[PDB]
Structures are given as structure tokens and as C-alpha cells.
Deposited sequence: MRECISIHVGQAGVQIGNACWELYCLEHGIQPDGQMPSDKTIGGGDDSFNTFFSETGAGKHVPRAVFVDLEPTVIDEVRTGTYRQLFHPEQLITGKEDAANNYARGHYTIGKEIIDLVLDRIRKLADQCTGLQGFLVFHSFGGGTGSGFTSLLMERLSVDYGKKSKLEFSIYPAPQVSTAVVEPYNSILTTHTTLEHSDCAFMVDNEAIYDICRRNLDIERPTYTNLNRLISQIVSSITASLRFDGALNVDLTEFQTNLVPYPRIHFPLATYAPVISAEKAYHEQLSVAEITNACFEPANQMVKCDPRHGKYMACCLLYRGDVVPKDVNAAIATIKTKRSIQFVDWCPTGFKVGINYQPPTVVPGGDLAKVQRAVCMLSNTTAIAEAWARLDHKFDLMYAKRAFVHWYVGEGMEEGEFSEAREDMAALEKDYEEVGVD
């Protein structure tokens, strides 16, 4: 066995978790009551004495109405009360409150519930941690938790699914502060972090699903498809990325530069069959990335293609040939120019009645490109604008954070930028 434990922190983390676990249940045939008529799905689901299949998941959100979504939702019977951790007040958009005030209060309880899950594993691979950059809880508590997991599970892999802020849909002006604070503190404690730019997802739902104003459900159902593509060979007996350490092997040659660019296709409107070559071309169109950035402004370190559904290798290699001839895909020079390809035969699955159409074949490309540092630069600039005037800094300091943590986090991001530049030359 190769169990993975999922932890969802903050509202974004919990609601994206709802979407993924619903999608996992649809893919593995687990009913909402937890019953079910390849045994790889046990890496993500345990089984009780009643024969019910329970997600290896912990949900942490200090506002009870968010957690109430889980415990009164369609899949509520999947979850046991000990998996759901809530409080009185959330972090009020304040990283310092999430990390220090709430964090010191709830960290042992959260680690206790994680430990209970881990005790049920015989070959625990590690943790998949879902959270926002911009939320006070998603940023502040997640970073404390990652530190403590590094202490408590020293040899275990830790992957992140991180919601990168988009002001269009955010309600917090201080999200750039929270994003830099939590990136600095988490950097040394995560092995592989897949950022999801809310602006990128929003644009994909508008362009490819013809939705004027995409809901959080829209964004989250699209995010679930990416996560599902990434975890498919953990939950089925696939061939590529069959355990958590393989993600760092296949995508992260340098530890600090552990932020792969995900590209996904096809996204077809439900109210509306593409070839291997077409969906393969789409992986090299910036409009389908999960983070807004320009790969031409970078070099690749690693690139994997994860195919799902009716995909035959001759059709993939054909598609790759035609791209290399017509386009310049520049790898760093200490790295081979090439692709690791995996095909998972399990067909892409969509929520019935949702706005995603069911396709015969899909693909997710996971690439480590220095171009993703553009996303860091946009964040760092907004940080700099506000921090020069110490705007809002007193809310963080009022919660016990030292002002110098702003400067120390921001220097780290400067170093991250130069690390990306050095690697890209």
C-alpha cells in the first residue's frame, strides 16, 4: 500500500477538496453513502467495519459554516466528525492571525487528527495539502502545519495544491502579503507545489465553457480535473507518477524551484472528439496553463505528459515529433530535451449535469519552467507597493508577528527570483 493523506486548509482548500473527493467517488464508483459494488483506490480511501470507504482526508476551517458544507453535503456520509476541524472565528484575512494566534491554539489538535489517519496507513507516502495563498487561514495556518509535518514526518513527501490569488474574485486587499508570508515559510517544507492561478482558471471557464461570470463551483470543478489527472496513477495502477517521491524525481531537479506549470486540455462545454495531436498542441498554448506566464520567457527543466482515456502511444509520439520540428521548446542545457509520457487508461470523468463535457481523451502536461517566476514577480510587486508605506502592517504586528518577518519573507522571494534567473541562463 501507498497511502496519501489529503489536508484541506481554509475555505478554498475545503471547497476544492469537496470537488476532488466527489470526483474521486465518481471515478472509483463510490456512492454518496460510502458503499461500492484494481485496488489502487485504497491509497486515497480507507474502509470501515461497515464496509464504507472513507477519504484519507482532514479538513481545517475555523468558520463552522464552511465545514458545514462537508458535513451536510451530498458526500457527508463519507466523513467522520474527527476528520473535520473548526473553530469560532477565522483568521480575518490575516496571515499572522492564522499562523500565530489560531495556529498555536489548534496545531496539536490538527496534528492529532492527522496522526490518527497516519496510524491507519501501512506505507504512508505523505501529504497533499490544499490551500489558498490569499486567505488568512489558507496562508497562515498552512505554513505552520507544513513546518510541523516536516518535524513529525521527516522522510514523508509533501505536495501542495495552492490557489494563487486573482483580485477579480478575491475579497481581500492584503492577499499579496499573505501570499509572500506563506511562500517564504513553506518554501523549505514542500517537495512539489502545483499553483492554480484563479485568474487562469477564470479565463478558461469563460473562453472554453462560455460562462460569463464563473462561480467558485465552476473554478473548482475545473480544478478537480487537474488534480484528478495528477493523482490518477496514485489512485489507479498506472505507470507514471506511481508514488509521491516520483513527482520530485520527474519534475524537480532543484529543491527550491519546485513549482511546476500545469496545462490541461481539452475543456469542452457540456452544452456544446479531439485528436491526440490537437490536445497535445493545446498543452503548449499559454491559454491552457493553470498559471498565467509566458513559457517563451523561460527554459524547461522537466516536462511530463499525462494522458487519460483512449490514447495510444503511436499517436502521442507522432504528436511530439510534429511539435519539436515546428516549435522551439528550450530546455536548460544540463537537462535532456524530452518528455516523460504516461497514459492512464481510466477515462476522464465529469460531474453529471455540470458544465464540463465528458471527453474520450484528455491530457495534463506538468512542466518545470523558469517562466513561472513571472507569477512570483507580479505578487512581489504588489507586496512592494504596499510594504513601502507599511500599509496594513499593524494588523499583522498586532497579532504578534514581528515587522521584520515581512522583510525576511520578501528577501527570500528575491532570492527565489534570482535562483530562477540563474537557472534560466
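- Gaps without C-alpha coordinates occur at 38-45, 281-284, 438, with positions taken along the deposited sequence from 1.
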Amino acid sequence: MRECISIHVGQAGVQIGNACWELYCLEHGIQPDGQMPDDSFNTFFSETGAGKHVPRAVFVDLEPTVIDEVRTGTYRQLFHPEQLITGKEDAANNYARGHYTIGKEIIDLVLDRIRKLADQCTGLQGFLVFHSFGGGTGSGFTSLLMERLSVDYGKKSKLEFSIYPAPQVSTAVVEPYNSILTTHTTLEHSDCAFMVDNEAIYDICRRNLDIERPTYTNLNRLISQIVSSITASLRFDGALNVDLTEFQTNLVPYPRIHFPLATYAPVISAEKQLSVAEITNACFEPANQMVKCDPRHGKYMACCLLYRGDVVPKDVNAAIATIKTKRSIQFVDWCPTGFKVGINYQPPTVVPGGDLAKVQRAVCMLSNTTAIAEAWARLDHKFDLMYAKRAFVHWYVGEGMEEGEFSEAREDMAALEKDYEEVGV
From here on, numbers count along this sequence of modelled residues.
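C-alpha atoms forming the largest set that superposes within 1.5 Å between two forms make up the rigid core.
- Averaged as a root mean square over residues and superposed structures in 4 other deposited structures of this protein, CA distances to the shown form are larger in 48-56; the pair compared was 363-371 and 48-56 with a core fit.
- Here 334-342 and 157-165 are scored by the root mean square distance of their C-alpha atoms in 4 other deposited structures of this protein, with each structure fitted by the rigid core; the higher score goes to 334-342.
- Checked against the record, the higher mean CA B factor of 3-11 and 414-422 lies with 414-422.
- When the two stretches 306-314 and 244-252 are set side by side, the higher mean Cα temperature factor goes to 306-314.
- In the deposited coordinates, the residue among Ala375, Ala357, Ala57, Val60 with the greatest CA B-factor is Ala357.
- Of the candidates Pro176, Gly126, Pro352, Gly87, it is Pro352 whose Cα B-factor is highest according to the PDB record.
- When the modelled residues of the chain are ordered by their C-alpha B factor, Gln31 lands in the highest third.
- Annotation for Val70: C-alpha temperature factor in the highest third relative to the rest of the modelled chain, per the entry.
- Split the chain's modelled residues into thirds by C-alpha temperature factor. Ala321 is in the highest one.
- Sort the chain's modelled residues by C-alpha temperature factor and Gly400 lands in the middle third, per the entry.
- Sorting the modelled residues of the chain by their CA temperature factor places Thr137 in the lowest third.
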